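Take a look at the structure below.
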Amino acid sequence: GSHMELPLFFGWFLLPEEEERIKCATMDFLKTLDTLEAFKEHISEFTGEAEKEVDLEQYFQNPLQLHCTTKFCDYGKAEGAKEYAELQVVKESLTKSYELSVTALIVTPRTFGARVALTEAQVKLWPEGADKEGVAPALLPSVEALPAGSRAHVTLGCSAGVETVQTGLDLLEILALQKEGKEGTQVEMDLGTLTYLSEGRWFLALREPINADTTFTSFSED
């Protein structure tokens with residue numbers, strides 16, 4: 001070789017327009033979620049009964065220029081994305097812009113994130129190794145039984161001390177949890193259904209997908 005000039009983190013930056021629409025939806029959700037008795041009834045479990053006035057909803061900070069993760073090069077353990085990163089086709093795909101569809105949104109006391117499910121195009125161009133994740137775009141057939149949008153999620157909320165990377169891990173587990181047979185709390189709404197895992201983690205399934213144009217970005221640094 002020559003030098004360690006390979007990518008470490010991959011992702012697509014959502015268009016300033018989409019973030020505006022998506023943000024408006026997220027905010028409206030938190031408002032409706034709080035008004036709902038179902039949530040307020042389990043608020044003790046969500047807030048652990050130790051805050052002040054359910055300010056945790058406002059405590060979370062939402063950054064303007066939000067970004068969405070895609071594949072983590074890591075190093076070698078991930079042969080999948082590894083081959084992908086070594087594909088000039090994907091490297092050039094960066095200047096490109098594809099519309100991502102939002103399947104559901106997740107809300108964690110530690111961090112907040114949204115479930116995004118790309119199209120067949122992004123899936124076909126997705127590495128097999130990374131697919132190992134709880135839910136991958138390629139696992140669509142499996143998605144029918146288990147939620148989707150974990151492999152690719154957008155950062156919305158983050159605590160003071162925790163890393164954004166942890167947000168993704170939670171999402172992957174959330175979907176796998178429902179399919180795991182747990183599915184503790186379940187509620188069907190006019191726009192979607194909200195399910196929460198036995199310990200916690202609350203996510204609403206946006207029955208009506210939300211598309212948003214985004215560009216592919218890459219970062220090569222340690």
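FYI, the entry's author numbering numbers position 168 of the sequence shown as 168, with every residue one higher than the one before it.
Note that beta-carbon positions come from the ideal geometry of N, C-alpha and C, so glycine has one too.
For this session: Kindly indicate the opening and closing residues of the alpha helix (DSSP H) around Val54.
Result: If you number the sequence shown from 1, residue 54 lands on position 54. First-last for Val54: undefined, no H or E at that position.
Exercise. Alpha carbon to alpha carbon, how far is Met27 from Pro109?
Worked result: As a working mapping, residue 27 is identified with position 27 in the sequence shown. As a working mapping, residue 109 is identified with position 109 in the sequence shown. Near 16 Å, if we compare the C-alpha coordinates of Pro109 and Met27.
Exercise. Taking the continuous alpha helix (DSSP H) assigned at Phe60, which residues delimit it?
Worked result: Locating residue 60 in the sequence shown gives position 60, where the first residue counts as 1. Per DSSP, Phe60 belongs to no alpha helix (DSSP H) and is neither H nor E.
Exercise. Once you ignore the five residues that flank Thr95 on each side, which residues in its own chain have a CB closer than 8 Å to its CB?
Worked result: Mapped onto the sequence shown, residue 95 falls at position 95. The answer, listed in chain order, is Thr215 and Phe216.
Problem set entry | Option nearest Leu177 by Cα separation, candidates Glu199, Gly157 and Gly48 | Translated into the one-based positions of the sequence shown, residue 177 becomes position 177. Of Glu199, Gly157 and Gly48, the residue nearest in Cα terms is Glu199.
For this session: Assign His3 to one of two classes, buried (16 or more other C-beta atoms within 10 Å of its C-beta) or exposed (fewer than that).
Result: Against the sequence shown, residue 3 aligns to sequence position 3. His3 should be labelled exposed.
For this session: Drop a sphere of 10 angstroms on the beta-carbon of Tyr75, count the other beta-carbons inside from all chains shown, and report buried for 16 or more, exposed for fewer.
Result: In the sequence shown, residue 75 corresponds to position 75, counting from 1. Counting Cβ neighbours within 10 Å, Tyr75 comes out exposed, since fewer than 16 surround it.
Problem set entry | Which listed residue (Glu86, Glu53, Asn62 and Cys24) has its alpha carbon closest to that of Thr155 | As a working note, residue 155 is residue 155 in the sequence shown. Among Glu86, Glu53, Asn62 and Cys24, the Cα nearest to that of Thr155 is on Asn62.
For this session: Go to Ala104, then tell me how far its beta strand (DSSP E) extends in each direction, as first and last residue.
Result: Locating residue 104 in the sequence shown gives position 104, counting from the first residue. Where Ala104 is concerned, the enclosing beta strand (DSSP E) stretches over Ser97 to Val107.
Problem set entry | Ordered list of alpha helix (DSSP H) runs contained in the region 112-168, each at least 4 residues | 120-124 and 140-143
Exercise. What separation, rounded to the nearest whole angstrom, lies between the Cα atoms of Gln65 and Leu14?
Worked result: Position 65 of the sequence shown, counted from the start, is the residue given in the question as residue 65. Position 14 of the sequence shown, counted from the start, is the residue given in the question as residue 14. Each residue's alpha carbon lies about 8 Å from the other.
Problem set entry | Supposed contact pair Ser150 and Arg115 - C-beta distance, whole angstroms, cut 8 Å | The sequence position of residue 115 within the sequence shown is 115, counting from 1. The sequence position of residue 150 within the sequence shown is 150, counting from 1. With a Cβ gap of about 6 Å, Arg115 and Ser150 count as contacting.
Exercise. Thinking C-alpha only, which one of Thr195, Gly48, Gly113 and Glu19 is nearest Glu163?
Worked result: As a first step, residue 163 is located in the sequence shown; it is residue number 163 there, counting from the start. Nearest of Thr195, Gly48, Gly113 and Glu19 to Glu163, Cα basis: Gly113.
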